[PDB]
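One chain comes next, on its own, written as structure tokens: the form deposited in one PDB entry.
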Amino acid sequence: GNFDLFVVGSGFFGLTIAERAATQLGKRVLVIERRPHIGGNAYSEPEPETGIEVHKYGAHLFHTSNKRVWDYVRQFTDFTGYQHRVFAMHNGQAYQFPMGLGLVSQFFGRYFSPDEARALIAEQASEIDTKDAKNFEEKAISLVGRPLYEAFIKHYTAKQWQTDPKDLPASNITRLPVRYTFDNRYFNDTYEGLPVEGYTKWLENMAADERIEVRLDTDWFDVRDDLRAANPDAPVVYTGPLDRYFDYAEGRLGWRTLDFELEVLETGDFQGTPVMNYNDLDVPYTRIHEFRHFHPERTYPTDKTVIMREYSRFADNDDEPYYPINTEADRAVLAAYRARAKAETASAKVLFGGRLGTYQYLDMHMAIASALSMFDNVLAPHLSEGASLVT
């Protein structure tokens, strides 16, 4: 078989690339996936007992303000009207979350108006200006104030990262909306929803073109030399972990990984909301997912439910990495791997993309936007005009 393009990894970055090359240029694409399933961390599957669709790697919520991405993804799936909301469990109480008049009134024990809340938080955040903040801890404190930081941010962050907050990226906290209204949407984007027929169906729709071949249970590094030899003109888009690609030659990047405990309970409803964060040090998990709440429109049992406890730890050499940590030390090692990546692009026509491929904290919509850009601006001209990958 002949191929015009190799894609390593079948997550949203890889499949966006594969779909674009196949449909927009008529190219033959081989997608190589080491896991037994498609879709990267966005993969979903039914829990056998209940038939409830489970997100295998914990809740995945789609949201974007990029209309071009919204138009693109709607070609492969419809979306529900779901809007994500998260509650935070702290000292035995469930709190409205994230930062907003709900959290403020609950935590400080009486109603604060928008102007009263702004004044309160300003005093409590005064040790640092959001302008000046050098790191996660400083930025977080500057936005929500020290008391709310100590209660809802500090120990959740310790569990999720096991890394000094002063050495975590400031951009980690700005993922969360900061409001002085009673709005408690977890995201602040124009479009959001869940795929009506689930994530796995969406992903399979992206790989549906007959010019796309997907090989699961296959490690690129075991098969690449013979594949490339048989198709030497084909470039490669790699979306596996960046340090692993170069056999950790420049050091090991710090990654976090997750373990899950899935449980079917003999009640119809465990927590009354899709995601409950556990912000205290006294429980091992960071949050519990209850998946029935994502799809009320489905034929789900009324006397059973599936929940999933999420636990975070360091990615060892055995594990598969889920989160880039990006300490200052990580960033120096990153700079070395970026030099290696650019060299491999020039020498071996290998492009690097995605959360793992670029060591970036990317959501689905970010990964898809990035892949659309790579295709239009870099890969398509190489594939169809023989333009250089060295732009």
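Under this definition, the rigid core comprises the largest set of C-alpha atoms superposing within 1.5 Å between the forms. In case it trips you up, residue 1 is the first one in the sequence shown, and so on.
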{"query": "Of 183-191 and 248-256, the one with larger mean CA B-factor", "finding": "248-256"}
{"query": "Of 307-315 and 124-132, the stretch whose C-alpha atoms average the higher B-factor in the entry", "finding": "124-132"}
{"query": "Highest-ranked of 231, 271, 239, 106 once sorted by CA temperature factor in the record", "finding": "231"}
{"query": "Per the PDB entry, maximal CA B factor within 225, 290, 71, 78", "finding": "225"}
{"query": "Residue 342 - which third its CA temperature factor falls in, relative to the rest of the chain", "finding": "middle"}
{"query": "Position of residue 46 among the chain's modelled residues by C-alpha B-factor, lowest, middle or highest third", "finding": "highest"}
{"query": "Relative C-alpha B-factor of residue 334, binned into the chain's lowest, middle or highest third", "finding": "highest"}
{"query": "Position of residue 58 among the chain's modelled residues by C-alpha B-factor, lowest, middle or highest third", "finding": "middle"}
{"query": "Relative C-alpha B-factor of residue 294, binned into the chain's lowest, middle or highest third", "finding": "highest"}
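Keep in mind that the form deposited in another entry is missing from the display, and what follows is about it.
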property: 2 Å-or-more CA mover between this form and the one not shown, where superposition uses the core and the choices are 209, 116, 197, 269; result: 116
property: Core superposition between this form and the one not shown, C-alpha change of residue 281 at least 2 Å; result: yes
property: Core-aligned C-alpha movement of residue 76 between this form and the one not shown reaching 2 Å; result: no
property: Residue 104: Cα shift of 2 Å or greater between this form and the one not shown (core-aligned); result: yes
